[PDB]
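A quick write-up on the structure given underneath.
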Amino acid sequence: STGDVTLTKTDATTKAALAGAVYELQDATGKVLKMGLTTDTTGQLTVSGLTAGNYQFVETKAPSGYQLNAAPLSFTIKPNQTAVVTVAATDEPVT
Amino acid sequence: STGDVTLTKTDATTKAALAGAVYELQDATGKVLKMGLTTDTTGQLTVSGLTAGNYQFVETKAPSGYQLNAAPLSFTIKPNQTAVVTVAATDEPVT
Amino acid sequence: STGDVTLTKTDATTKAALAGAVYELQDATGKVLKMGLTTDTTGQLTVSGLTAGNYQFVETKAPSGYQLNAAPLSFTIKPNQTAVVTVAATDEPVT
Amino acid sequence: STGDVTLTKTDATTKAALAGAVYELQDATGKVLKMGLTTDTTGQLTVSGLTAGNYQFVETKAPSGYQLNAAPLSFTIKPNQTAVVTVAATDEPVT
Amino acid sequence: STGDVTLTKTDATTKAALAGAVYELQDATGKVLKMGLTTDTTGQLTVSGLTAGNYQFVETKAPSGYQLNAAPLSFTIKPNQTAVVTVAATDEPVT
Amino acid sequence: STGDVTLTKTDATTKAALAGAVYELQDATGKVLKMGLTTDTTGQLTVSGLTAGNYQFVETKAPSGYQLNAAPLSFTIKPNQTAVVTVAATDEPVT
Amino acid sequence: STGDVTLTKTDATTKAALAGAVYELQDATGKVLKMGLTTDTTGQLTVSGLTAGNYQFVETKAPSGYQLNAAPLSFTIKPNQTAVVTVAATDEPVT
Amino acid sequence: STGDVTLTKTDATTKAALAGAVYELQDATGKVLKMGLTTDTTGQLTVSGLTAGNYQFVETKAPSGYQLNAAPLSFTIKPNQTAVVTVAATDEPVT
Amino acid sequence: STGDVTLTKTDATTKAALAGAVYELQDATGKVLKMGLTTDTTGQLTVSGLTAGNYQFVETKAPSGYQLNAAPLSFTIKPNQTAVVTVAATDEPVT
Amino acid sequence: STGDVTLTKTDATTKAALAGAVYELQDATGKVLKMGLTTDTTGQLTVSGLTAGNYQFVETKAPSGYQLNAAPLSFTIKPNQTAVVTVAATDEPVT
Amino acid sequence: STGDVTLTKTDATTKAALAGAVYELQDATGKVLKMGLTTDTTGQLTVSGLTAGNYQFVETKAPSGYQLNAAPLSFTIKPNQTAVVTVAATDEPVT
Amino acid sequence: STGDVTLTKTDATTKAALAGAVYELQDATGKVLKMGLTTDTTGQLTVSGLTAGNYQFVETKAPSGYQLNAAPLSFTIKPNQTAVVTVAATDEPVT
Amino acid sequence: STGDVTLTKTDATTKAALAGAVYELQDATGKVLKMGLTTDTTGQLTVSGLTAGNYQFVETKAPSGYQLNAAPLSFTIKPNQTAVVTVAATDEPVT
Amino acid sequence: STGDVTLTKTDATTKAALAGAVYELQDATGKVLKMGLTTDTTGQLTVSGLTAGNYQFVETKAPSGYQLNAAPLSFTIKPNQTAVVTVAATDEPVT
Amino acid sequence: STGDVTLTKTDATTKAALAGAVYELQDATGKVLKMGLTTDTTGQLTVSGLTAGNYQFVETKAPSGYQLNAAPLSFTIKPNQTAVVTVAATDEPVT
Amino acid sequence: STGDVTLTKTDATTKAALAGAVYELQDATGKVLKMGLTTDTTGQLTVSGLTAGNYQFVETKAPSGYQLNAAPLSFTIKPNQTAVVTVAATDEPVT
Amino acid sequence: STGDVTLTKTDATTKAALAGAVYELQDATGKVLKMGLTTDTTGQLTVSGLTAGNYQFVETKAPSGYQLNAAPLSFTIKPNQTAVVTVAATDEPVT
Amino acid sequence: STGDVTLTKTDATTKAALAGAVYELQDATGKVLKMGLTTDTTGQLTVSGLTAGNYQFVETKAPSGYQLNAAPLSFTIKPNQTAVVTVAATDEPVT
Amino acid sequence: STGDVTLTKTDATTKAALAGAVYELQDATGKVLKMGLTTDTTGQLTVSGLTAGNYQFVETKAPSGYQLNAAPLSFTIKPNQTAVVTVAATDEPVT
Amino acid sequence: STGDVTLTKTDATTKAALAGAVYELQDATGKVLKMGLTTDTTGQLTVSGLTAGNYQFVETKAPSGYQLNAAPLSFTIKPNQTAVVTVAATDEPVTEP
Amino acid sequence: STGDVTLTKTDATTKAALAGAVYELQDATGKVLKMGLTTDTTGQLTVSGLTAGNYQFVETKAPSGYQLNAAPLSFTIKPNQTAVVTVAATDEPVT
């Protein structure tokens, strides 16, 4: 089958959702598979229909007022996955 | 708060709208954030939900019969912006 | 056979769309054919069903806070036009 | 109490309808009351809600390929008019 | 290819539409092809789907209060006709 | 103004409605204005939008099993008519 | 099986339909079976679902301006009737 | 040309509407034209499409618990009546 | 408070429903309150909204091929009736 | 429990409905509770949702052409009222 | 070809419809073919799609307040029958 | 016949519409016929269905921030009125 | 009892359907009963509601580019017809 | 800028909502601005579109079975109000 | 931001709305910006989406029967206007 | 789970479907579980939602013109059955 | 591109449409491409989406009562064919 | 007339429906008229609109796991068939 | 049966509705039955379907900016209660 | 259980979809089971509800302008298959010598 | 002109469609124009709106269980494309 992943983006200090954070989806080697994935006003983005494997999200643009953190957020889609994989990303306000 | 941008693409000599021009969206450093953005039959493409910041469009494929010009088309999304940012791009016919 | 034209109006400094700019449509000799054409909140106005010929838009009232610039914006409707002709006008903020 | 008027525009040699002819509505003294009235693909334009009075249509732009004829086409809206007034204008090909 | 024709009927002295005028459609030799074509309250009748050829309308009953004028109103449907042919007939009031 | 007329067609001996009776509509001088007017399963046909004047129906084909009777059935549309004119025609069975 | 009957009512001198004429439906012995049957603006009334038999309509109130004529209007509903029975009644204007 | 009449029926002592009162419509000579007209839960019945004339309602069955009063309730439908005629009947409780 | 009554009509020998039987509704003294009540193809007719009282149905025309039997069919509407009163009438075939 | 009241207004000499009569609703002591209640083209006005009690309507403007009669029209809403109370008011034509 | 049957159930003393009476459908030998058939609030039940033959209804539970009477109610479905067979059943109140 | 009236309410110094202005409608003698009539966000209130006569509006509460001006605003509903009567009221800001 | 006929028109050399062929419908003696019957873009025209009898189609205008051929195409409508009657007509290209 | 108020009416002893309580709305000086405002079956009445100011509700008729209490229930509509203002009124049962 | 303006037009002597009055919209220097603005049957015309500024309406054709008065009717659209601006124009009947 | 069964009934000699055959559903011991199951015009009946087990159909009334054959038609519903079980029954015409 | 073909099947004697005639579609060498193509109650069958080429229909079963005629009915689908190709097939009645 | 036929396919040992069995339809001499008829998940296939005649089904591919049995299954479509013809085919599981 | 209760929460100083106040429902001994009941933007919460009994609301969290007051608000649901029970709750602003 | 199959047909030179190519469905021995299966404007035809087995498509008419190639295109429907089987056919453009 | 392309992805050994294969779209020189294009459960992906040119798909992630093969799959979008371009890609199972 295929499976789905949801990322939720927040302000690290208030835990409030952030719209407009931009991510790449990479495979576990770092190869960019999708780009321009952007959080909505609930702080969420979802990618559906991923084949099983090891992936990572990498932030490419932080929301205005926040520091970019390009550290990969790893996740695995399992074979015959029956529930969404759902990862939490946070952003520090700029100094 | 996020903002939107519309690009309108024409034939430089006739000012007629061109479909099928392909663009990247970069940040102001040239980092590619989105790719494959393609004009419709009114010559327009729109990107919605951008966080505030400085951006630029770069043509990656000209419509058939036209010369590619990859010079960046700059624009800024302002915080709390209340109106769409629009930009006009043109293409020289092959000759 | 007729063709359509769209004008898009912006703030020259921000590239943001401006509503409420008023234009005349003139022929190429300056004869006024239509008046009171007013941009909407995307900064656009469209005139449809024009016969082929040489025309020009002339601003008759700038949006509040902008300088009037009545210089003509030329365009041609061609006899077998298959796409809208689509022109970009800008406005300088006052002072 | 108001009345309506329709103008139909043709090629004088083929009697075929012409789109894109542009007209002024004047009162019988020549004062311009409306401008930019444009014929559609059935050759027609209509003005509704006119008060009783003496009026005339004046061509301001002929369809491409046709000669301009600015001779006024007179008509009267009568006080309790129950039928549309409906006038025929023609255009000679150029040369 | 077939084409369409519209006839518009008025009172010659007021230019107002007349309903209830009845017409034959004849070929150019005078052979009657259709009969009983009657104008509506906008003064119009329309025949669609005519093959290319030379035709003429002939009035067979004038609206009540008007003089019958059976003089043929000629028109031509051309091959691959793109626009309706649209003719204007008038009626003089009796005595 | 125009008026309407309805014709109702029966078997003379049973008073039952007959479908498929065919009529001409003529002016009072006998000139054919419409033809092929055919009664429905309630025995009725209606012509609407007639100008005021003197008219007559003439049967051109009787329903199968009935004798043709071409005697004119006279009627008048009055100016500013406010009710349908509604005439009754009968057919004798063949003997 | 049952059958239907329609009565149409006119002014004898103009053949125009009359509304508001009132009728009884009787059997052929004169026994009243229904009363108050009133013509509409097309001069019509209809009775549906009658068993086979011999019947007659008898006017009980003529429309205003017209003379009452109570002579029975006979008709028969036949056992396997396939078409509506339709009868024509007329009224003379008062002197 | 026809008019409408409404009758409203009440308990004379409480002015409350009564359902189920039964009435004849007669002409002004007493001839019965309609019977069985029955009031609804708002106390009302309506007869529409009456020709101009002099009429009267006669109670034929009072609501249970009420005394029958067959005194005629007169009304007139006028030739070009523009408003409903609307009459009030009352009923006395028994004892 | 009012009540409803349904009459069902059959062929006495087959118990099959009969359409087109005509009935009067009388009060218990024999006064006719409604006439022309006609059974449908399920052999039924219903009178609704009757005030409480003693009533009777009287056949006024039997369906074609059946013998008339005018003997009254009594029923009572009760003051706080909560169900339809529902009576069965039969008809004998002729000869 | 609340109840409803309907007033019906007529011309006393023709029994025709009058629109535009204006009424106050007062309690039985004369205290005004509602004002401006105006009859419609059926001559009616309705107040719903009244608590049980003793009330009266008082006319405050008679229809044009009619004499004002401010005499109170009394009515009572009873507890657990099951039927609308429905009163009849008349107006004499002036002079 | 199949046919339908309706049973209508009343209180013998009031002729009011009874809901909730329960019936078996037997063939004419008394063999039970269907059971549990229950009257609705109009006192009716219908069995559709019966092959031609001789049948009988037998009450198996009387409505509450009524005596059970299991005497068969006979009926026949005829081949090609065109009308519903109806039967009337009654119930004696307990006393 | 009845007529309608519309009142439009502005700030005297800006001509901008005011909501929430409250008015009485009085007859020409000052008798209050309706009260509590309140302007909407377009500054308008409409009363429909008035009988012909002489009336006046009297402000009873000015919009917050404005001075109350109780001077009557007179108007007339004419018989067979064909257009709304439409009056303009203004309010001075508090100083 | 009436019947329908469908005529299908083609180019004799290609068997492709032709639009705009014009036909008269005559009875078997040549008397014209309908005229102006025109084929559509599937080459079809249908006449419905014909009484039983013998008829013939006679071309009165061939499609542009084809030769007129007025030879009759005969057909019979039978009583109680259950299937549409069909005829095929061809047209030779002009030489 | 206007605001809304909701009044909720109850039986003081049970706290159950009461329908049919009638209120005036006054300004803070007691001037009557609206009358006839009646509570519904949830005990509620709402007035919307009030301009800012101080008001009071004054009962003018208590629900049947309750004592009238005309003491004012005061409230303030503030400028730029964002929430409905609410008041609770109670009614004592009569003794 | 933009704002709207509505003009209402009346007969000065009756305060009745007038249709068919024609206006120009000018800037406050008198430059014509729109023409042909025509009042509807409520006497209204509306212009929407104007930028902030000073404007004036100038009548160009009075309704039939009324005197032209070309005096400018001034108004201002303010920068953050929240309500429609509404102006009242009147017309004197001809002598 | 549960499973479904369909029985199809035919005339043994023509293989045509028979409506109106009546069946019992029994368990494999002969205990009657359902009765009155009747074939429709496609000769079919279906029972859904049967628990797994051994069952049999037994005909209780053959269609009119056919011989009853009460021989059981056995079938099994299996656990986790994934397709309908679907049995064929035939009927011999009577001698 | 592709094209479509419609076959129409008749009784050769009556020209009545026949349902149920069965055809193969073959190429012009006789190779079978489709089989089982069956005419409907308008006597028609259509094959859509055929590539250009030379084809033939061959009857494989005539309707009951008609003789089989397997003679090929040729037709050609042309490249960029714009109209349906039709063919007329016929059947001799059996004797 | 035409008729329909349904075939139902089962596993001979379980009587369960089988999907995916493929059949030819032949006439009774073995000539193949249709091929590829495939059973659905209820085990059924249906051919409609067959003309009267003698036919047979022949299995061309058994469902996976079952033995092919090409023995013809005969059936006849009669003239004026009123019911679907329904045949039962079975399959033996492979050993 | 059951009954419903609605609580309305205000700011005690302004009487403005407050959202977000949180309540327990307890029986009259203090036992907690429901918790987390939260007022909406009309200041309301409703509990439906309560059995008869004595209850109390207890505030567990006041809206931000207000002081908690945990005093119980008693109410009783009566057997066969017919109207909603309401209670008014209020909150002191913080200082 | 049954399975579906889709065939897509192209011009071999341009890879454009071709409408109007006609196919037979055969079993793996060559027995014709269905005929007349015609590609649509996206070049596709689909057969659904096939029992598990070994099958083959055989072109019977190539689109106009192309050469017929009746070489069988083999495919297998598996028991309980869960995805459509989807085969690609192509056609050489012609010209007569 | 723009054109469309469809890619279909299978398992090379079974020819079964594969979901979740991911592709780049590159121009003919290898320049990446779009990325992240993923096949669905029919094995397909489609890109629309491509300008004329030469492109290639390159696999970036194979479905789980399959070997990545990044060899380009080339295609041409022609000007004025009238048919979709299709390409077939296969994947080998991992060893």
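A, B, ... follow the sequence lines: proteins, then strands. Residue 1 opens every chain. The figures here come from the full heavy-atom set of this structure, side chains too, leaving out hydrogens, waters and symmetry mates.
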For M/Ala70 and M/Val58, which heavy atoms make the closest approach, and how far apart are they? O-CG1, 3.6 Å
Find out whether F/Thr51 and F/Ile77 are in side-chain contact, i.e. whether some heavy atom of one side chain is under 4.5 Å from a heavy atom of the other. no
Closest approach of D/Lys15 and E/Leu73, non-hydrogen atoms and distance? NZ-CD2, 3.8 Å
Test side-chain contact (heavy atoms from CB on, under 4.5 Å) on E/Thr60 and E/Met35; report intermediate values, then the result. CA-CA 9 Å; E/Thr60 56; E/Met35 61 165 59; over 6 Å; no
Is any side-chain heavy atom of Q/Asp11 closer than 4.5 Å to a side-chain heavy atom of Q/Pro93? yes
Regarding M/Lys31 and F/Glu24, does a basic nitrogen lie under 4.0 Å from an acidic carboxylate oxygen? no
Dump the intermediate steps for side-chain contact (heavy atoms from CB on, under 4.5 Å) on F/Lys61 and F/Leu68, then the final yes or no. CA-CA 6 Å; F/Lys61 191 177 180 73; F/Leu68 170 76; 5.7 Å; no
For G/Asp4 and G/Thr6: C-alpha separation, side-chain torsions, deciding distance, then whether side-chain contact (heavy atoms from CB on, under 4.5 Å) applies. CA-CA 7 Å; G/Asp4 308 335; G/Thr6 293; 5.9 Å; no
Closest non-hydrogen atoms of M/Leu25 and M/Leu37, given as atom of the first, atom of the second and distance, are CB-CD1, 4.0 Å
What closest approach, in Å, do E/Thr38 and E/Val22 show between heavy atoms, and which atom pair accounts for it? OG1-CG2, 3.8 Å
Shortest non-hydrogen contact from E/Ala52 to E/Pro79? CB-N, 3.6 Å
To the nearest 0.5 Å, what is the distance between OG (E/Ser74) and CD (E/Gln56)? 5.0 Å
Checking Q/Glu59 side chain against Q/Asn69 main chain: does a donor-acceptor pair fall under 3.5 Å? yes
Spatial distance of atom OG (F/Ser64) from atom CG (M/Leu50) [nearest 0.5 Å]: 11.5 Å
Within the side chain of M/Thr39, is there an N or O that forms a donor-acceptor pair under 3.5 Å with the backbone of M/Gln44? no
Taking the side chain as every heavy atom from C-beta outward, state whether F/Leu45 and F/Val47 have any atom pair closer than 4.5 Å. yes
Shortest non-hydrogen contact from Q/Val87 toward Q/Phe57: CG2-CD1, 4.0 Å
Are there more than 12 heavy atoms of other residues, nucleotides or ligands under 6.0 Å from atom NZ of F/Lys78? no
Taking E/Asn54 as the fixed residue, which of E/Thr76, E/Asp27, E/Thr29 is the one that meets the side-chain hydrogen bond (donor to acceptor under 3.5 Å, both in side chains) rule? E/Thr76
Are the side chains of F/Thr86 and G/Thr10 in touch, meaning some heavy atoms are under 4.5 Å apart? yes
Looking at OG1 of Q/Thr90 and CG of Q/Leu18, how far apart are the two atoms once the value is rounded to the nearest 0.5 Å? 7.5 Å
Parallel, tilted or perpendicular for G/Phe75 and G/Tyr55, by the 30°/60° rule? parallel
First locate atom CD of R/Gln81, then atom OG1 of R/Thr2, and finally report the distance between them rounded to the nearest 0.5 Å. 8.5 Å
